[PDB]
Amino acid sequence: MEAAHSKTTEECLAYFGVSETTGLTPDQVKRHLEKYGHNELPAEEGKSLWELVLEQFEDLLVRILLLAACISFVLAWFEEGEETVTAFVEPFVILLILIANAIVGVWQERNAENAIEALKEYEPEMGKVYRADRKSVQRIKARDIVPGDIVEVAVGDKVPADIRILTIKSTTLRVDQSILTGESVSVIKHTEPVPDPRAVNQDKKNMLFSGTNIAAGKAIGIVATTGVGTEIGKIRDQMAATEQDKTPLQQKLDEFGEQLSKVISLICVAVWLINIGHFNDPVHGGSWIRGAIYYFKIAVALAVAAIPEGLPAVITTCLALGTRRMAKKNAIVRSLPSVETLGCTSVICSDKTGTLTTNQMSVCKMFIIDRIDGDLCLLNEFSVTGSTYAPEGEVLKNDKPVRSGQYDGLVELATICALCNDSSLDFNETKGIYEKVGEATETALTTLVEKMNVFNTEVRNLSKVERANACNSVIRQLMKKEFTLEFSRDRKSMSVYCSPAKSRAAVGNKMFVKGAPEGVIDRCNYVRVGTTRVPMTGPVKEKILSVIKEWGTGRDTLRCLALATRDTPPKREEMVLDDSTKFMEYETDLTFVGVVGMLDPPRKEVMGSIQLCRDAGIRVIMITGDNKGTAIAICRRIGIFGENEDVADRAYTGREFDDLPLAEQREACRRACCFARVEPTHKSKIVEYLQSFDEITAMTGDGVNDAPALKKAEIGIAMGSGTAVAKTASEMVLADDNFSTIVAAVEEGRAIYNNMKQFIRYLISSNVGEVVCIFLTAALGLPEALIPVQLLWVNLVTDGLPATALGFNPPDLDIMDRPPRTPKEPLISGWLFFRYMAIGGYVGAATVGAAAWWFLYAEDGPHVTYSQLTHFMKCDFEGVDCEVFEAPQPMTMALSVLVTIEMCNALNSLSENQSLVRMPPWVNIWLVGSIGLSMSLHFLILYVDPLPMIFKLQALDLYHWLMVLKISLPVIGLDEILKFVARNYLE
Ligand SMILES: Nc1ncnc2c1ncn2[C@@H]1O[C@H](COP(=O)(O)OP(=O)(O)CP(=O)(O)O)[C@@H](O)[C@H]1O
Ligand SMILES: [Ca+2]
Ligand SMILES: [Ca+2]
Ligand SMILES: [K+]
Ligand SMILES: [Mg+2]
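Per UniProt numbering: the sequence shown = residues 1 to 875, 881 to 992.
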């Protein structure tokens, strides 16, 4: 880790004593490693403070409860009398429910963070280095690179460690450093140094920082420093950590929380004033104050009982739960809002190569010209065996094993593939498998060149390592690659300028081009036949294109490329290299050589996932830069279209899409499910259109040309084996490239919603009748139904654990067989309000009808024969009874029925509109236990003598209880009825 960039190329190569072309010797590596250590970080310590997490105490509400707990603590203190045992209890009953949800949050929160870390501890980062033990680049675990050895980076790659740029192989090099500095834009770089020693990161345009991605280009440089010395390792924790705020569903719910904070605020202040007549009253110390005060409590307590203190805590929990379950499916959630959003995704756009397919390419069919005679064009089509990148396979013609070098046309075909290629193979001894280094497509051609071996290079006895690139190196050792005109989506082809070694064909300089067949074929005026050349003709050009199409729409839906070569390139001088736009011109007046057909197998889980998406109401769109024929073919075989379904206007190409007027483009986007040969920004535009219909859309990519779209989309989904550039722009990464998970994600995203909607229904319909209880008893002639503590109780027993458990609710019956939720759909439909009201009604008038019941019809206390003796003012009002109006017997019956009916109401929230018969309590084994935990806690307060006085008098076991269930249970049938109205009816 030499402390500088200041010095130039030579000083760093010399500082570590290494050749840029060979790189460290296995010995040096041993040394530098012991000396400098493993290039990693202690970072493996991220684990939020034991308590840092216990911050379930910050949401809007809850603070309310904490406040109410304060005023309860001050009142309970001063308040004199035979109290204290009931005065000081109130506060704990208010924060005990907070403590309860607090835990559940912290717990399901730890497990989440805990699983997200294991997802990363699986699949270590890799880097490409140049070591002396191998002639060609080799990939090693990044933790194993050390300062000094040569390293190679390129488009999409994530910079493995701080590096002094020694040389830029491409005609330009840009990179994304925003993560470190801030500068949101491809920043340029160059070889020379900059005098300023301890200068600011943002200036060193001769470095690459560990953690930044390469925007465009390819460069080789020497590791200036690793480990913590990294200008990203020291500036590690210092980052203020930009953890975005709440998610769209939380902002939606936190707002709906204060919407009640208001309504409730009224209910309470109101319930308060609608007293007074009892302020100066007897029962209240006889004073107006004690009377007013007692009622501020009836309000305060009523609030703390109506404010869903478990709402914020639940969204949180449920979310971390989604994350944890995605992690389990090897899916990395990089953004909290993902799952919830996929849940209501109307359309899923997806890249083809890599995303929809395995990207495991191999050349299986290839052809050159055999002979030409008039309108008849004979092609020499060969077949190749070997589906991996292994340099083991044979070239067959008429199914007989041929000597590829026998055909001059195949020699050139091989020459072109080897020289016009920025990739290579690397033998991974650990798995004994040949791996690619660079873009799949190109690598495929490298393995091909190895299989052809047009120069019969003796390779029977070479190391599995030395074999990997043997044949290629030979073609390279025979042609000097002057410069290469980088590949660009505009012209869809790449070129390379080569000079003969020791000048064989004299100054015979050539340009070897390879690209999308159509464009390359169009830029060909000559055809090569053996060593000969002839002008391109109508019958030949059609023949060449016919076989390609045959290959692209068949069983094998091959991916194809044309190989051509400019025999007489422009004078090296008249060519400018800092403007891609000019390159297509340089690649003209070409000579067609041949074509190669690659196998690129669709991922097995795709078709299935595509199907389920249909059922879910998800539209699936394929966007690619590949040939439309190959595209539509692949789309049929994947499930986007039917095997013989006409697609005249549901499949377009870049050109076609652009020829359409703005108005139609948008329509084409809602109609088409396949866009091919799309230009650069087309993927993004296509996501904009779908968003201009107010549709939650998602993009799925693997490479850099997906970044834009991935960011534009509401949800970006990236592939684990894709580039870091796409992964960055993405909000989720399928670590294992399992397309199915996306569907699993959208499902969990929906469940998470329904759950919140159920938690709300319960929490609401209950609490409504809860207050409906007061505004029907405290204003209908009946005596007080409950008192302070008695409210803080039901609260702590029906708004706590049993509700939060609704978060661990299973996915509804046909949740993933119903169309996506409109981005505008209201949180609570109107009928839903009726549903809450009806239930709120009954529960509210079966809690009051249970108090009166006792006084009347009940075989206890008075009997005031159906009339309650009309009023309460009796202090001969019949005077056949004492003051049974201040009896506890009646309240206990009230408090207990409210509680029981609420838990009964809870069982009505396992699903929105589903008969308990189909989805029984045991679908959510947690809700059950929770219920019991609350139920048991009730009995204890009801019968364990020390407690009863603090609350009320023990409702006679049996009879009294039987009466509770006889009026509570109906709530379960009442809503069960409401459900039958929406299920088997309404729709
Ligand atoms: N490295 C390369 N050199 C020469 N030609 C290439 C090339 N990579 C791709 N091509 C050609 O250019 C075409 C367009 O490339 P582009 O990246 O836009 O789409 P693609 O099919 O290569 C990847 P995707 O299907 O995931 O969008 C490719 O289909 C191929 O015909
Ligand atoms: Ca409450
Ligand atoms: Ca309640
Ligand atoms: K995005
Ligand atoms: Mg791709």
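For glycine and all other residues, C-beta sits at the position ideal for the given N, C-alpha and C.
Per DSSP, residue 29 is one residue of the alpha helix (DSSP H) stretching across 26-36. Secondary structure note for residue 560: its beta strand (DSSP E) is the uninterrupted segment 559-566.
For residue 594, the beta-bridge partners assigned by DSSP are 368 and 563. Counting only beta-carbon distances shorter than 7 Å to the non-hydrogen atoms of ligand 2, the qualifying residues in chain order are 304, 305, 306, 307, 308, 309, 767, 795 and 799.
Every residue whose beta carbon comes nearer than 6 Å to a heavy atom of ligand 5 appears here in chain order: 351, 353, 354, 355, 702 and 703. In this chain, the beta strand (DSSP E) harbouring residue 397 covers 395-397. Between the region 196-206 and the region 137-151, the count of C-beta pairs closer than 8 Å stays below three; the two stretches do not touch. A Cβ-Cβ distance of about 4 Å is found for the pair residue 957 and residue 893, placing them in contact under the 8 Å criterion. Every unbroken stretch of the beta strand (DSSP E) spanning 3 or more residues and falling wholly within the region 716-799 is given here in chain order: 732-734. In the displayed model, residue 331 falls within a strand according to three-state DSSP.
Setting aside the 5 residues that flank it on each side, residue 135 is surrounded in the same chain by 466, 469 and 473, each with a C-beta closer than 8 Å to its C-beta; the list follows chain order. The continuous alpha helix (DSSP H) containing residue 691 extends over residues 682-691. Taking the Cα positions, residue 663 is about 25 Å away from residue 715. With fewer than 16 neighbouring CB atoms inside 10 Å of its own CB, residue 50 falls in the exposed class.
The criterion of a C-beta distance shorter than 7 Å is not satisfied by residue 634 and residue 620. At least one heavy atom of ligand 4 lies closer than 6 Å to the C-beta of residue 716.
Looking at the backbone, the Cα of residue 214 and that of residue 704 are separated by about 10 Å.
Here residue 712 carries a helix assignment [DSSP, helix/strand/coil]. Its Cα nearest to that of residue 346, the residue 696 stands out among 700, 858, 696 and 801.
Here residue 499 carries a strand assignment [DSSP, helix/strand/coil]. Residue 163: member of the beta strand (DSSP E) spanning 162-168, first to last residue.
The three-state reading of DSSP puts residue 901 in helix, counting H, G and I together.
A distance below 6 Å between beta-carbons, with the five flanking residues on each side excluded, links residue 8 to the following residues of its chain, in chain order: 193. Annotation for residue 711 indicates a beta carbon within 6 Å of some heavy atom of ligand 4.
Residue state for residue 117 is assigned as helix, using DSSP reduced to three classes. Within 10 angstroms of the beta-carbon of residue 108 lie 16 or more other beta-carbons, which makes it buried. In the DSSP assignment, residue 517 falls outside any beta strand (DSSP E) and lies within the alpha helix (DSSP H) extending over 517-522. With respect to the C-alpha of residue 139, the residue from 788, 928, 424 and 856 having the closest C-alpha is 424.
Here residue 594 has 366, 367, 368, 409, 413 and 563 as same chain residues with Cβ atoms under 7 Å from its own Cβ, once five neighbours each way along the sequence are excluded. A Cβ-Cβ contact shorter than 7 Å links residue 189 with residue 173. Residue 442 has its Cβ nearer than 6 Å to a heavy atom of ligand 1.
The Cβ atoms of residue 495 and residue 587 sit closer than 7 Å to each other. Within the chosen limit of 6 Å, ligand 1 reaches the beta carbon of residue 493 through at least one heavy atom.
The beta carbon of residue 932 sits closer than 6 Å to the beta carbons of 805 from its chain, once the five residues preceding and following it are set aside; these are given in chain order. Residue 675 holds the alpha-carbon nearest to the alpha-carbon of residue 627 among 584, 675 and 643. Distance from the Cα of residue 890 is smallest, within the candidate group 411, 911, 672 and 854, for 854.
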